[PDB]
């Protein structure tokens, strides 16, 4: 019912970060977990998710870069973010809905993490 997100942070363009979502009392195994993100001045948008039985869903602009996966031993869901780009900068939230569906809007999900800042800098080393 309360999800703990961890693993945000600051990274340079082209880098990687891993987010993790863990639940307290309820076993996360019965939940589709969707990752949402809110960039400055826009609404929360669905990024990626996994349902209770390994079905996956992705926003178009993150295919081939993000992977959602689930560790049913640790009762944790992970969002592995590779080839990061500045416009991936946002507050990221995990959200959980019972069952096999990953609806696209925040209103489809009852349980929400608090949000983790992810920042991707255009920083590159000097040539």
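Positions refer to the first chain, counted from 1.
Per the PDB record, of the two stretches 54 to 62 and 72 to 80, 72 to 80 carries the greater mean B-factor over its C-alpha atoms. Stretches 84 to 92 and 22 to 30 differ in mean C-alpha B factor, with the higher average recorded for 22 to 30. In the deposited entry, the Cα temperature factor of residue 110 places it in the highest third of its chain's modelled residues. For residue 103, the recorded CA temperature factor ranks within the lowest third of the chain's modelled residues. For residue 44, the recorded CA temperature factor ranks within the middle third of the chain's modelled residues.
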